[PDB]
Asker: 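This is the structure, below, for whatever I ask next.
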Amino acid sequence: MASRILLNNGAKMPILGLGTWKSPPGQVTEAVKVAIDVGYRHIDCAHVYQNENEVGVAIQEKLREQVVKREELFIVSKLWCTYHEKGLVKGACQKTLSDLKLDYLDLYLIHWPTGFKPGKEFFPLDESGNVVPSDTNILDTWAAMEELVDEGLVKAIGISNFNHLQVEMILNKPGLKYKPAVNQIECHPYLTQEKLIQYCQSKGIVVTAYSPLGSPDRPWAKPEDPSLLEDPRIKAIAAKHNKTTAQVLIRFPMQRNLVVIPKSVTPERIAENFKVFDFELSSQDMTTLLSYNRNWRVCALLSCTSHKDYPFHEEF
Ligand SMILES: NC(=O)c1ccc[n+]([C@@H]2O[C@H](COP(=O)([O-])OP(=O)(O)OC[C@H]3O[C@@H](n4cnc5c(N)ncnc54)[C@H](OP(=O)(O)O)[C@@H]3O)[C@@H](O)[C@H]2O)c1
Ligand SMILES: COc1c(Br)c(Br)c(Br)c(Br)c1Cn1c(=O)ccn(CC(=O)O)c1=O
């Protein structure tokens, strides 16, 4: 589709972006310098990726050589769960601004619908292994997000891993100032998200799909797990197209009006990943892909299954 989808806030947003979860501080700068070199204009970031400083370096570097202008960059960070208490949102936002070395974000997401106990510990757990919630509610958190818009710190606000009932709850929030611009969710061939994707676009909310390649590098990957990249059925469509299994996987959600944010620190792969503004997949394959759906989640936040705002109990 069109390279820069438009958000319900006036801004357009690059449908392909560089993902930075699991990109170690020591490698992430050179990856963001490279990805910008090849053409990426969109960076997916989070405080909880513990590399924002290093990311921010690469971004400043490119501006101060005027390889790209600020207003050309679509930069996304997220508010981690330990920061939902409304009084802490602003500070968390400023901190990530300071890390990235930016005056403003193009998009700040509520990273998960679930509030954690505030601290340094990103995932605070009781003795049984479930996280320690805060009794914060979404709407209060969301309202602090809105204040960030009005204050000029962020240009848009979205949500990530929200079920539809959770988006609905914000939409129907009395006194609502801004509807969420984006829902960032897990989306890929073994989790096609047809129902929630439908719901979100219809409400005029742009859907970014995360872990498009299945996130083989996810730390808790069992060896016996399915691998998108090494699925014979998916390898074929790629050979048929004279492109890589990954390039398929990346163009797939793009042909659904989703935004997509593959992660790499491998400069070769980073650029292999951007070589997708120049072909098309057939409706034959598109529907075949959608048929592989196993309702399989890479990110299920299982330590939070007994959190009142755990989002994955809902069908969608
Ligand atoms: N909002 C949320 O809750 C949430 C959750 C998960 C992810 N996300 C976002 O989505 C981004 C992408 O998702 P992800 O990090 O889960 O995993 P992913 O993008 O599905 O896959 C990344 C893994 O695949 C490898 N890879 C990258 N390009 C490749 C290529 N062209 N060929 C073969 N292998 C390739 C990478 O290796 P190397 O890097 O070693 O090359 C890395 O190990 C994240 O980084 C994050 O920004 C958001
Ligand atoms: C639920 O909190 C934990 C816990 Br508990 C542990 Br242990 C780890 Br490791 C992570 Br990375 C997290 C946070 N987390 C996930 O669970 C799944 C994906 N991600 C990446 C993301 O949210 O973008 C997490 O940070």
Side-chain angles (χ1 to χ4, degrees), residues 16-24 27-28 30-32 34-35 38 42-52 55 75-82 107-117 121-126 128-133 158-162 182-191 207-221 227-230 235 238 243-253 258-276 297-307 310-312:
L16 178 75
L18 178 67
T20 71
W21 173 41
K22 299 172 280 63
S23 305
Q27 289 163 270
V28 74
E30 181 55 39
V32 170
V34 161
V38 289
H42 170 200
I43 313 287
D44 183 55
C45 312
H47 175 57
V48 84
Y49 301 158
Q50 310 174 61
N51 58 21
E52 281 188 315
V55 158
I75 302 297
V76 181
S77 197
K78 326 185 189 73
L79 172 91
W80 188 239
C81 316
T82 59
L107 178 60
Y108 208 47
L109 311 178
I110 298 191
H111 198 146
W112 293 82
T114 48
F116 302 172
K117 182 173 178 308
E121 284 187 340
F122 290 114
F123 38 82
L125 295 174
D126 68 17
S128 279
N130 317 86
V131 316
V132 180
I159 59 189
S160 167
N161 317 284
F162 279 44
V182 181
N183 193 19
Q184 178 167 133
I185 54 159
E186 184 179 327
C187 188
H188 54 72
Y190 309 155
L191 182 75
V207 171
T208 298
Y210 75 61
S211 310
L213 316 171
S215 178
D217 62 341
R218 81 207 169 259
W220 59 80
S227 178
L228 272 68
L229 302 154
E230 307 299 324
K235 296 191 78 177
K243 288 281 191 182
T244 53
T245 293
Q247 279 153 335
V248 172
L249 297 176
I250 281 189
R251 182 76 192 192
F252 170 61
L258 318 180
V259 182
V260 60
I261 42 165
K263 173 260 180 182
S264 197
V265 295
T266 297
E268 174 167 332
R269 293 162 156 175
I270 293 181
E272 158 170 337
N273 282 7
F274 191 81
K275 266 190 288 295
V276 289
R297 277 176 202 282
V298 147
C299 303
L301 209 75
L302 296 177
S303 45
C304 302
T305 50
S306 73
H307 187 302
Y310 181 77
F312 299 147

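Only this structure's heavy atoms are used, side chains among them; waters, hydrogens and symmetry mates stay out. We count ligands from 1, going down the list as the structure has it; atoms in each ligand are counted the same way. Counting from 1, the numbers follow the sequence of the chain as shown.
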Asker: Could you go through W21 and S215, starting from their C-alpha distance and side-chain angles, then the distance that decides it, and tell me whether this counts as side-chain contact (heavy atoms from CB on, under 4.5 Å)?
Answerer: CA-CA 10 Å; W21 173 41; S215 178; 3.8 Å; yes

Asker: Please report which non-hydrogen protein atom sits nearest to atom 2 (O) of ligand 2, along with the residue it belongs to and the distance in Å to one decimal place.
Answerer: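 Residue, atom and distance for the closest contact: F123 CB, 3.8 Å.
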
Asker: Donor-acceptor check, side chain of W220 to backbone of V298, threshold 3.5 angstrom: yes or no?
Answerer: yes

Asker: Give the C-alpha distance, both sets of side-chain angles, the deciding distance and a yes or no for side-chain contact (heavy atoms from CB on, under 4.5 Å) between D44 and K78.
Answerer: CA-CA 9 Å; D44 183 55; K78 326 185 189 73; 3.0 Å; yes

Asker: If you measure from CD on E52 to NE2 on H47, what distance do you get to the nearest 0.5 Å?
Answerer: 7.0 Å

Asker: When you look for heavy atoms under 4.0 Å from ligand 2, do you find them on the side chain of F122, its backbone, both, or neither?
Answerer: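 It is neither; nothing of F122 touches ligand 2.
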
Asker: Between the candidates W21, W112, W80, which shows the shortest non-hydrogen contact distance to atom 13 (C) of ligand 2?
Answerer: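 Going through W21, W112, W80 one by one, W80 has the nearest heavy atom to atom 13 (C) of ligand 2.
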
Asker: Any sub-3.5 Å donor-acceptor pair from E186's side-chain atoms to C299's backbone N or O?
Answerer: yes

Asker: Just to verify, what does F123 make a ring-ring contact (aromatic ring centres under 6.0 Å, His included) with, not counting sequence neighbours?
Answerer: none

Asker: Using a 4.0 Å cut-off to any heavy atom of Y49, which atoms of ligand 2 qualify?
Answerer: 23 (O)

Asker: Would you confirm whether any non-hydrogen atom of the protein falls under 4.0 Å from atom 11 (Br) of ligand 2?
Answerer: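 Protein heavy atoms within 4.0 Å of atom 11 (Br) of ligand 2 - there are none.
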
Asker: Between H307 and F116, what is the ring plane arrangement, given parallel below 30°, perpendicular above 60°, and tilted in between?
Answerer: tilted

Asker: One residue to check: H111. Relative to ligand 2, which of side chain, backbone, both or neither has a non-hydrogen atom less than 4.0 Å away?
Answerer: side chain

Asker: Start with the C-alpha gap between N273 and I270, add the side-chain angles, then the distance that decides, and say whether side-chain contact (heavy atoms from CB on, under 4.5 Å) holds.
Answerer: CA-CA 5 Å; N273 282 7; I270 293 181; 5.6 Å; no

Asker: What residue and heavy atom of the protein are closest to atom 17 (C) of ligand 2, and at what distance?
Answerer: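 So the nearest neighbour among protein heavy atoms is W220 CH2, 3.5 Å.
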
Asker: Of the listed options (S303, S215, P219, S160), which comes nearest to atom 1 (C) of ligand 2 when hydrogens are ignored and any heavy atom counts?
Answerer: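 Comparing heavy atoms across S303, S215, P219, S160, the nearest one to atom 1 (C) of ligand 2 lies in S303.
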
Asker: Heavy atom under 4.0 Å from ligand 2: found in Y210's side chain, backbone, both, or neither?
Answerer: neither

Asker: What does the 4.0 Å heavy-atom contact list look like for ligand 1?
Answerer: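 Around ligand 1, where the cutoff is 4.0 Å for heavy atoms, the contacting residues are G19, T20, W21, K22, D44, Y49, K78, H111, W112, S160, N161, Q184, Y210, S211, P212, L213, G214, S215, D217, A246, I261, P262, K263, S264, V265, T266, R269, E272, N273.
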
Asker: Going from OG on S306 to CG on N130, what distance comes out if it is rounded to the nearest 0.5 angstrom?
Answerer: 4.5 Å

Asker: Pull out every atom of ligand 2 sitting under 4.0 Å from any heavy atom of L301, numbered as shown with elements.
Answerer: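 Taking each heavy atom of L301 in turn, ligand 2 has 1 (C), 16 (O) under 4.0 Å.
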
Asker: Verify side-chain contact (heavy atoms from CB on, under 4.5 Å) between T114 and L301, making sure each step is shown before the conclusion.
Answerer: CA-CA 10 Å; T114 48; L301 209 75; 3.6 Å; yes

Asker: Any chance you could measure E272, atom CD, to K243, atom NZ, to the nearest 0.5 Å?
Answerer: 9.0 Å

